[PDB]
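In what follows, a single structure is set out as structure tokens and then discussed.
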Ligand SMILES: O=c1cc(CP(=O)(O)O)c2c(F)cc(F)cc2o1
Ligand SMILES: [Zn+2]
Ligand SMILES: [Zn+2]
Ligand SMILES: [Zn+2]
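Residue numbers (the authors' numbering): 30 to 45, 47 to 64, 66 to 100, 102 to 107, 109 to 131, 133 to 150, 165 to 205, 209 to 211, 215 to 265, 277 to 295.
The structure is reproduced here in structure tokens:
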């Protein structure tokens, strides 16, 4: 019942209710003749919504906003990008044009600027050191340390026991690392262990791409990263 690539054309977005007041958004993007799905998160905050990550591009992100307005009907007042790559910040300009306040760590903002990517407007404080956590509306933001990228953040929704790992956490069906050009392979398993230590009660774990599961997605990602290292 989780949407797959065969069921979403590039340009369209699906929403999937994970728990009360928590959704993932699913879009697709083409790259080198392959089509990949990509996840982000939506968290209700009273009568408004917190968005986690763009839908990987301007067109997808415009469709994401339209699908949120149609299905949920609450305003997206803030958005957090969890690292500087295009599947997390691609579409920030669309969000900003729609009146969404876009946020990222100062680390992410700097890496986005170096990359020539779109740059979230606001800077998130309190996330500079591995193990740092801050409350942000209905979620906790956690910097586990370098993994998929040096700046990657994860997001926890305490009310729903939902852990969003972003691209630092792989789905079970992904058995090879793939693209790790900006990764810290040496630190990635240590950063995953910080996530496991901080969120042992998580019931749902959402990877950056593909199917949700439980906490065994953390050990899975460590296994894949260590195999790639060797
Ligand atoms: O599932 C993915 C998703 C992405 C984006 P990211 O690496 O930031 O998650 C991706 C990519 F951009 C290039 C590639 F060659 C493979 C990829 O595989
Ligand atoms: Zn990335
Ligand atoms: Zn990704
Ligand atoms: Zn595995």
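All C-beta atoms in this analysis are idealised placements derived from N, C-alpha and C, irrespective of residue type, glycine included.
Endpoints, beta strand (DSSP E) assigned at residue i
i, result
"residue 261", "258-261"
"residue 60", "52-61"
"residue 217", "216-220"
Cα-Cα separation between residue i and residue j, rounded to whole angstroms
i, j, result
"residue 91", "residue 202", "22 Å"
"residue 287", "residue 133", "38 Å"
"residue 106", "residue 123", "22 Å"
"residue 245", "residue 254", "14 Å"
"residue 200", "residue 176", "11 Å"
"residue 87", "residue 295", "31 Å"
"residue 217", "residue 166", "25 Å"
"residue 45", "residue 193", "28 Å"
"residue 233", "residue 70", "17 Å"
"residue 51", "residue 73", "8 Å"
"residue 257", "residue 188", "15 Å"
"residue 85", "residue 94", "11 Å"
"residue 76", "residue 103", "16 Å"
"residue 143", "residue 223", "21 Å"
"residue 79", "residue 35", "31 Å"
"residue 230", "residue 30", "24 Å"
"residue 38", "residue 174", "38 Å"
"residue 237", "residue 81", "27 Å"
"residue 264", "residue 121", "15 Å"
Residue span of the alpha helix (DSSP H) that contains residue i, given as start and end
i, result
"residue 143", "140-149"
"residue 98", "89-103"
"residue 188", "Careful: residue 188 lies outside any alpha helix (DSSP H), inside the beta strand (DSSP E) at 187-191."
"residue 292", "281-294"
"residue 33", "Per DSSP, residue 33 belongs to no alpha helix (DSSP H) and is neither H nor E."
"residue 234", "Here residue 234 belongs to no alpha helix (DSSP H), and DSSP marks it neither H nor E."
Assigned secondary structure, residue i (DSSP; H/G/I helix, E/B strand, else coil)
i, result
"residue 80", "strand"
"residue 182", "strand"
"residue 171", "strand"
"residue 128", "helix"
"residue 24", "Here the chain comprises residues numbered 30 to 295, so residue 24 is not present and cannot be evaluated."
"residue 248", "helix"
"residue 254", "coil"
Residues bridged to residue i (per DSSP)
i, result
"residue 136", "112"
"residue 277", "Answer is none; residue 277 lacks a bridge partner."
"residue 41", "39"
"residue 315", "Nothing about residue 315 can be reported from this structure: the residues present for the chain run from 30 to 295 only."
"residue 75", "80"
"residue 122", "Paired residue(s): none; residue 122 is not in a bridge."
"residue 204", "188 and 217"
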